[PDB]
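Protein chains in written order, with this note's numbering: chain A, 25 to 59; chain B, 19 to 59; chain C, 82 to 136.
To start, the structure itself, in structure tokens.
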Amino acid sequence: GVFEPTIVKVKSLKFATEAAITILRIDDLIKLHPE
Amino acid sequence: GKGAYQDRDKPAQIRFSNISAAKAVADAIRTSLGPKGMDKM
Amino acid sequence: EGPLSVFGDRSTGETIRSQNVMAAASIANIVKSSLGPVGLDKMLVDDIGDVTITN
Ligand SMILES: Nc1ncnc2c1ncn2[C@@H]1O[C@H](COP(=O)(O)OP(=O)(O)O)[C@@H](O)[C@H]1O
Ligand SMILES: Nc1ncnc2c1ncn2[C@@H]1O[C@H](COP(=O)(O)OP(=O)(O)O)[C@@H](O)[C@H]1O
Numbered sequence: 025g026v027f028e029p030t031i032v033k034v035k036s037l038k039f040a041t042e043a044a045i046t047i048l049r050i051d052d053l054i055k056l057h058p059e
Numbered sequence: 019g020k021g022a023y024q025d026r027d028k029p030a031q032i033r034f035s036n037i038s039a040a041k042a043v044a045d046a047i048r049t050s051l052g053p054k055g056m057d058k059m
Numbered sequence: 082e083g084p085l086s087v088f089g090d091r092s093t094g095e096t097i098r099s100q101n102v103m104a105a106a107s108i109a110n111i112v113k114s115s116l117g118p119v120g121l122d123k124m125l126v127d128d129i130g131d132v133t134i135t136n
């Protein structure tokens, strides 16, 4: 009797992949000093 | 002929300081160019 | 550094790729003990003393 809605696992796949892409494409950080 | 002595070194050292400043900016954004260039944050 | 006076700092290459991941893996390590039917809760205390218990 262990069940879960299918929209939970479908959405979590799409959100976890798009967030990994945007972090992966970064090859430089410039941090500006506060004023 | 050996005339036209150049007794001031300020224009020479300034023209060379503009080259190194501009060449350094072009080297910074060389990586992000083309279909396989990455992103800066 | 030398050239490129930006009045900041910069990191390029494998220094920033292996630092963006130790920062992501630490956040996931906080909530890794609160998963499934055998997971426990947590306690959060602020500077004034407001206690919040959640998982
Ligand atoms: N699929 C591709 N294969 C090879 N070269 C490409 C491709 N797409 C774009 N380019 C080339 O990359 C060059 C630079 O593009 P890009 O760095 O993305 O933006 P920008 O044109 O603003 O520099 C362009 O002159 C273009 O001819
Ligand atoms: N009775 C159970 N037996 C086995 N696995 C379970 C049971 N209840 C929940 N789970 C699993 O625990 C996982 C995590 O759920 P939970 O720890 O409650 O937090 P969240 O629901 O936010 O992920 C789910 O993927 C689910 O499959």
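Quick reminder that beta carbons are idealized off the backbone N, C-alpha and C, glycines included.
Quick one: which residues of the stretch 26–55 of chain B get their C-beta closer than 7 Å to a C-beta of chain A? List them in chain order. Only those residues of the stretch 26–55 of chain B whose C-beta falls short of 7 Å from the nearest C-beta of chain A are listed: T49.
Could you spell out where the alpha helix (DSSP H) holding A:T41 opens and where it closes? Following the DSSP letters along the chain, one finds A:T41 inside the alpha helix (DSSP H) bounded by residues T30 to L48.
Chain-ordered residues, beta carbon under 5 Å from a heavy atom of ligand 4: This structure lacks ligand 4; the ligands present are ligand 1 and ligand 2.
Residues bridged to A:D52 by DSSP? C:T93, per the DSSP bridge assignment.
Between which two residues does the alpha helix (DSSP H) containing B:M59 stretch? Unbroken run through B:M59: none, as it is neither H nor E.
Report whether the distance from the Cβ of C:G117 to the nearest heavy atom of ligand 2 is below 7 Å. Because some heavy atom of ligand 2 lies under 7 Å away, the Cβ of C:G117 counts as near it: yes.
Here's a check: name, in chain order, each residue in its chain whose Cβ is nearer than 7 Å to the Cβ of C:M124, leaving out the five neighbours to either side. Result list for C:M124: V132 and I134, in chain order.
What's the C-alpha gap between residue 183 of chain C and A:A44? Nothing can be reported for residue 183 of chain C: it is not among the residues displayed for chain C, which extend from 82 to 136.
Look up C:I134 in the DSSP assignment and say whether it is helix, strand or coil. In the displayed model, C:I134 falls within a strand according to three-state DSSP.
So who's on the other strand from C:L125, going by DSSP bridges? C:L125 is bridged to C:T133.
Determine whether the Cβ of A:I45 lies closer than 8 Å to any Cβ atom of chain B. Contact with chain B is absent for A:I45, since none of that chain's Cβ atoms lies less than 8 Å from the residue's Cβ.
Extent of the continuous alpha helix (DSSP H) run through B:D27: If you look at B:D27, you'll find it isn't in any alpha helix (DSSP H); DSSP assigns it neither H nor E.
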